[PDB]
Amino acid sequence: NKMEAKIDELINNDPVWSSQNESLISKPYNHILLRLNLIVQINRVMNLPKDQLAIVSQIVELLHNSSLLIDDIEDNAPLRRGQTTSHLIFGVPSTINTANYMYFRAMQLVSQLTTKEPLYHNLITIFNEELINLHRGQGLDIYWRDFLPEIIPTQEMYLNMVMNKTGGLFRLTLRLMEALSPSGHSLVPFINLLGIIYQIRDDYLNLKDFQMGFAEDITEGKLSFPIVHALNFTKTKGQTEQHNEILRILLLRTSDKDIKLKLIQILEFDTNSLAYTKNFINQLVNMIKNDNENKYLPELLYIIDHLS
């Protein structure tokens, strides 16, 4: 009877949750807490009041960090910015849960951007759309890597994957801002380009810093821009043994330095994928540095050079 009473009190009330509980489950996220400038540069064109901008920034910070927590689990990464990955400290289970929890806390923050219902609807849809896009590209990248050689993506396929996986957070941020603006043409194209440059450079530097960075993308088996070029080049030029050796090294998930270095030199001297990628980056970067009529642009370059 005292039990029924306690049960009645329980089910007629919201779930009990303490600040203590909140702290216990935020451990994986607080650890990774250990680009505001980008939001700021973009606002020079968007003109949102500082308090609304602070919230946009918080939503993006939460999505970005939660994405990395998941990303490192999916990539089996032992390090993130020189420090141990959260999943290795607190475990995969709590890290997945906490990262997913933060996606929804970010969602909750959108309502703090406006009281006006029409705008609200648009903001949520934007948030919903780019999160869908992010998971689509992430899914492809992961599928290509874990089922290799089932699918050898072409350069076109890679770029489409990146438009989703990486362009997703860039467009989310930008689109939220454009929708909130109380103030020319949309900068989505420019942000899409920024995202592509960001990803190819990220892929590039992962190997170049090693050759000149632990080339962890090799250990991971990732279909990076240089690898995608090498695999299509070898197939095309009939370099049968080199093509297969590239596949073989990716499939070893090796941390051996010499093996990673052998692969990088294949990309350097045999397929010339490194120079190809470097030039590719330069081309995309000149496309912005060169549109004097501001076909893409509205201190935007400083950013482009620190994109890393």
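We number the residues from 1 along the sequence you see.
Across the other entries compared, at least a third leave residue 299 without coordinates even though the residues on each side are present. In all of the other compared structures of this protein with flanking residues present, residue 168 is modelled, so it falls below the one-third mark for missing coordinates. Going from residue 183 to residue 184, you skip over 1 to 3 residues of the deposited sequence that the entry leaves unmodelled. The PDB entry reports B-factors from which the mean C-alpha value can be compared for 132-140 and 230-238; the larger average falls on 230-238.
Just going by the entry, 120-128 versus 97-105 on mean CA temperature factor gives the higher value to 120-128. Within the group 114, 155, 199, 164, the record's highest C-alpha temperature factor is found at 114. Ranking 170, 147, 90, 210 by Cα temperature factor from the entry places 210 first. In the deposited entry, the Cα temperature factor of residue 110 places it in the highest third of its chain's modelled residues. The PDB entry assigns residue 187 a C-alpha temperature factor belonging to the highest third of its chain's modelled residues. Among all modelled residues in this chain, the alpha-carbon of residue 31 has a temperature factor (C-alpha) in the middle third. Among the modelled residues of the chain, residue 195 sits in the middle third by CA temperature factor in this PDB entry.
Per-chain ranking of the deposited C-alpha B factor places residue 281 in the middle third.
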